[PDB]
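File shown here: data.cif, holding mmCIF, C-alpha atoms.
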data_query
#
loop_
_atom_site.label_atom_id
_atom_site.label_comp_id
_atom_site.auth_asym_id
_atom_site.auth_seq_id
_atom_site.Cartn_x
_atom_site.Cartn_y
_atom_site.Cartn_z
CA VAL S 159 -93.03 33.97 -46.21
CA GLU S 160 -94.16 30.73 -44.55
CA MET S 161 -91.89 28.13 -42.95
CA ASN S 162 -92.26 24.68 -41.40
CA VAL S 163 -90.00 23.46 -38.58
CA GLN S 164 -89.92 19.72 -37.87
CA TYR S 165 -88.37 18.96 -34.48
CA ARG S 166 -88.20 16.42 -31.66
CA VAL S 167 -87.69 16.46 -27.88
CA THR S 168 -85.08 14.95 -25.52
CA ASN S 169 -84.82 13.84 -21.84
CA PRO S 170 -87.86 15.34 -20.02
CA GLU S 171 -85.68 16.77 -17.23
CA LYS S 172 -84.68 19.61 -19.56
CA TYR S 173 -87.84 19.88 -21.70
CA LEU S 174 -90.12 19.97 -18.63
CA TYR S 175 -87.97 22.08 -16.26
CA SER S 176 -86.14 24.54 -18.57
CA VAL S 177 -88.77 27.01 -19.81
CA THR S 178 -92.52 27.32 -19.41
CA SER S 179 -94.51 26.40 -22.55
CA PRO S 180 -91.46 25.08 -24.48
CA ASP S 181 -93.47 24.64 -27.69
CA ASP S 182 -94.76 28.23 -27.60
CA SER S 183 -91.42 29.72 -26.48
CA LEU S 184 -89.65 28.03 -29.39
CA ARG S 185 -92.21 29.50 -31.80
CA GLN S 186 -91.36 33.03 -30.67
CA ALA S 187 -87.66 32.33 -31.24
CA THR S 188 -88.48 30.99 -34.72
CA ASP S 189 -90.31 34.20 -35.66
CA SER S 190 -87.38 36.36 -34.53
CA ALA S 191 -84.94 34.21 -36.51
CA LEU S 192 -87.07 34.19 -39.67
CA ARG S 193 -87.68 37.96 -39.54
CA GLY S 194 -84.07 38.72 -38.62
CA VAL S 195 -82.79 36.46 -41.39
CA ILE S 196 -85.31 37.79 -43.94
CA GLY S 197 -84.42 41.31 -42.78
CA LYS S 198 -80.87 40.90 -44.12
CA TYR S 199 -81.74 39.89 -47.70
CA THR S 200 -83.69 41.77 -50.37
CA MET S 201 -87.07 40.72 -51.78
CA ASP S 202 -85.79 39.50 -55.17
CA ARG S 203 -83.09 37.36 -53.54
CA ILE S 204 -85.47 35.85 -50.96
CA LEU S 205 -87.96 34.87 -53.67
CA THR S 206 -85.58 32.70 -55.77
CA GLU S 207 -82.07 32.47 -54.27
CA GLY S 208 -82.79 32.90 -50.56
CA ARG S 209 -84.97 29.75 -50.46
CA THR S 210 -81.94 27.55 -49.68
CA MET I 1 -101.93 -0.42 27.53
CA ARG I 2 -103.67 -0.61 24.12
CA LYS I 3 -105.40 2.77 23.75
CA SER I 4 -102.31 4.71 24.86
CA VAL I 5 -99.92 2.97 22.45
CA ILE I 6 -102.27 3.05 19.44
CA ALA I 7 -103.15 6.73 20.00
CA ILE I 8 -99.55 7.97 19.93
CA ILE I 9 -98.75 5.88 16.83
CA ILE I 10 -101.55 7.38 14.72
CA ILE I 11 -100.86 11.04 15.56
CA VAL I 12 -97.13 10.96 14.71
CA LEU I 13 -97.88 9.92 11.11
CA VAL I 14 -99.93 13.02 10.30
CA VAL I 15 -97.34 15.27 11.96
CA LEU I 16 -94.52 13.80 9.86
CA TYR I 17 -96.41 14.20 6.56
CA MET I 18 -96.94 17.91 7.16
CA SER I 19 -93.33 18.40 8.26
CA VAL I 20 -91.74 16.75 5.22
CA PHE I 21 -91.42 18.97 2.15
CA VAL I 22 -89.28 18.28 -0.92
CA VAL I 23 -88.03 20.70 -3.58
CA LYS I 24 -88.72 19.94 -7.24
CA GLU I 25 -85.92 19.80 -9.81
CA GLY I 26 -86.92 22.95 -11.70
CA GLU I 27 -88.03 24.79 -8.58
CA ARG I 28 -86.41 26.02 -5.38
CA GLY I 29 -88.16 26.57 -2.06
CA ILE I 30 -87.02 28.94 0.68
CA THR I 31 -88.31 27.84 4.08
CA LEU I 32 -89.87 30.73 6.01
CA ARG I 33 -90.51 31.37 9.69
CA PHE I 34 -93.71 33.11 10.90
CA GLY I 35 -92.64 36.34 9.18
CA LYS I 36 -88.89 35.94 8.56
CA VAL I 37 -86.71 33.50 6.62
CA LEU I 38 -84.09 31.06 7.88
CA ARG I 39 -80.53 32.43 7.79
CA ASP I 40 -77.02 31.04 8.11
CA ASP I 41 -73.41 32.06 7.43
CA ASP I 42 -73.59 35.68 8.64
CA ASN I 43 -77.22 36.38 7.69
CA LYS I 44 -77.24 34.85 4.19
CA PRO I 45 -80.77 33.55 3.33
CA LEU I 46 -80.62 29.85 2.49
CA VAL I 47 -82.29 28.42 -0.62
CA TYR I 48 -82.93 24.67 -0.83
CA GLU I 49 -81.59 22.36 -3.53
CA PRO I 50 -83.82 19.58 -4.93
CA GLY I 51 -83.79 17.35 -1.85
CA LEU I 52 -85.80 16.52 1.25
CA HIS I 53 -86.14 19.03 4.09
CA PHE I 54 -88.02 19.17 7.42
CA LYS I 55 -90.21 22.00 8.76
CA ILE I 56 -91.96 22.18 12.13
#
What would the structure in this file look like if it were written as structure tokens?
Amino acid sequence: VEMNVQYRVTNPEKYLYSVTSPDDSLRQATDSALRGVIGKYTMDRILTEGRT
Amino acid sequence: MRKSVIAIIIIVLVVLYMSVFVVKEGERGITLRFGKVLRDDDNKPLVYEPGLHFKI
């Protein structure tokens, strides 16, 4: 499975002084979500139905 | 009375720059003595908010 996440930023007071490497930290969260989500459904479902 | 007045004026400026220290928004600085930390309110170490503070 491959996914694309289009996002934006907000007021730099949060983005700059919330977490180190915000772009990288968000990527780790995305992997956990994708795997966790994928982990719930079966292969056949994920291939056709799970897409949405 | 020119060398005496000009000499004192110049030295105070460098002293003040070293003394002033501000704390960033996403950081917090705890002023420290030679080896210890500054305390207050029954030996509760004080952490500084994001504002200006003075250190000898």
Using all atoms listed in the file and a cut-off of 12 Å, which residues of chain I sit close to chain S? Please list them as a list in words.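 Only these qualify: residues 24, 25, 26, 27 and 28 of chain I.
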Hey, can you check how far atom CA of residue I:42 sits from atom CA of residue I:54? 22.0 Å
Could you jot down the atom CA of residue S:164 to atom CA of residue S:182 separation for me, Å, one decimal place?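 Going from atom CA of residue S:164 over to atom CA of residue S:182, I get 14.2 Å.
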For atom CA of residue I:51 and atom CA of residue S:169, the interatomic separation in Å (one decimal):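 Rounded to one decimal, the two atoms are 20.3 Å apart.
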Please determine an axis-aligned box that encloses all atoms of stretch 177-196 of chain S listed in the file, with 3 Å added on each side, and express its centre and edge lengths in Å to one decimal as lines of an AutoDock Vina configuration file.
center_x = -88.8
center_y = 31.7
center_z = -31.7
size_x = 18.0
size_y = 20.1
size_z = 30.5
Ranking S:167, S:159, S:191, S:184 by minimum distance to residue S:205 and counting all atoms listed in the file, which one comes first? S:159
Report the residues retrieved by the PyMOL selection byres ((chain I and resi 53) around 8) from the displayed file, expressed as a ChimeraX atom specification. /I:20-22,51-52,54-55
Here is a test: counting only C-alpha atoms, which residue of I:7, I:56, I:13, I:18 is nearest to residue I:31? I:56
All residues 12 Å or closer to residue S:209, only C-alpha atoms, same chain fewer than 5 positions away omitted, as a PDB file with C-alpha atoms, in the coordinates of the input:
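Okay, this is what ended up in around27.pdb:
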ATOM      1  CA  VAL S 159     -93.030  33.970 -46.210  1.00  0.00           C
ATOM      2  CA  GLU S 160     -94.160  30.730 -44.550  1.00  0.00           C
ATOM      3  CA  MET S 161     -91.890  28.130 -42.950  1.00  0.00           C
ATOM      4  CA  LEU S 192     -87.070  34.190 -39.670  1.00  0.00           C
ATOM      5  CA  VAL S 195     -82.790  36.460 -41.390  1.00  0.00           C
ATOM      6  CA  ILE S 196     -85.310  37.790 -43.940  1.00  0.00           C
ATOM      7  CA  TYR S 199     -81.740  39.890 -47.700  1.00  0.00           C
ATOM      8  CA  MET S 201     -87.070  40.720 -51.780  1.00  0.00           C
ATOM      9  CA  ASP S 202     -85.790  39.500 -55.170  1.00  0.00           C
ATOM     10  CA  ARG S 203     -83.090  37.360 -53.540  1.00  0.00           C
ATOM     11  CA  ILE S 204     -85.470  35.850 -50.960  1.00  0.00           C
TER      12      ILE S 204
END
